[PDB]
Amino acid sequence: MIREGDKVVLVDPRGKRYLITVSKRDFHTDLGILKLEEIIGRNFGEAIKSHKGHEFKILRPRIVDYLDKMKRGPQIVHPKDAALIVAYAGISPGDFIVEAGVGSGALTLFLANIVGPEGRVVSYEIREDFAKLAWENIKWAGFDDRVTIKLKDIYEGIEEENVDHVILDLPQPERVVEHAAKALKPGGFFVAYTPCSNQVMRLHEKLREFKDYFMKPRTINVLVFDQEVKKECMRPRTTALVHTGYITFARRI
């Protein structure tokens, strides 16, 4: 039951993915021209061929596909870091999240998927060009129902009340700690992602000032090694992404 306007992932013989809207149009590939209207009426698992006879397999888009093919700026939160945010703050279906700044919306997409259609994410942003980019990513991924972008400076305050988590990727998360203490419910998490150890120190100094409002904070950083596994040789990949940012957690009350 694939209809016109539906999104679909096409998979190459090389295993390359193309995330595509189904329409009566020509799609130009590396490996020939695809007649997209052929997809209509077909099912996931089936395939289409280019004019050169190369086969493209049809998959339902998953969160991994939207995240991988998203339009982005240079600074995003990596899936490995979003993964640890979700895990250590216990982010759950139905949660209400305040986040800032929205950026390209990578973290936002990840979180919106996790809280599900009855959860909510409100993301503050001060750059209208990034707000627009993120909004387009979020509509494209199908999460406009649960995510709202505000063009507003979160250092001036958080309008929301009884929130589950306040999640920051901002230059100065210490300017949000007081607002978060008021906005968060008992047991909710304050979480901040910060590239520099200078940021971590300034954040911790603020959290110490607010020690009657939070449990003991914890700061981590995560590294993921890829393994090269061939018939005659397993070893880690030679180079890795070794640093993106520190992640600090503080539980309210």
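Start at 1 with the first residue shown and count on from there.
Q: Decide which of the stretches 18 to 26 and 232 to 240 has the higher mean C-alpha B-factor, going by the entry.
A: The stretch with the larger average C-alpha B-factor is 18 to 26.
Q: In the PDB record, does 3 to 11 or 242 to 250 carry the higher mean Cα temperature factor?
A: For C-alpha atoms only, the mean B-factor is higher in 3 to 11.
Q: Going by the deposited entry, which of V222, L31, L203, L67 has the highest CA temperature factor?
A: It is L31.
Q: Go through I76, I126, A181, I114 one by one and give the residue whose Cα B-factor in the PDB entry is largest.
A: By C-alpha B-factor in the record, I76 ranks first.
Q: Lowest, middle or highest third of the chain for the C-alpha temperature factor of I58?
A: It belongs to the highest third of the chain when residues are ordered by C-alpha B-factor.
Q: Among the modelled residues of this chain, does the Cα B factor of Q199 put it in the lowest, middle or highest third?
A: Within its chain, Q199 is a middle-third residue by C-alpha B-factor, going by the deposited values.
Q: Hey, what third does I40 fall into on Cα B-factor, ranked over its chain?
A: According to the entry, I40 has a C-alpha B-factor in the chain's highest third.
Q: Could you tell me which third, lowest, middle or highest, the C-alpha B-factor of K139 occupies within its chain?
A: It belongs to the middle third of the chain when residues are ordered by C-alpha B-factor.
Q: By its CA B factor, does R120 count among the lowest, middle or highest third of the modelled residues in the chain?
A: Lowest third - that is where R120 ends up once the chain's C-alpha B-factors are sorted.
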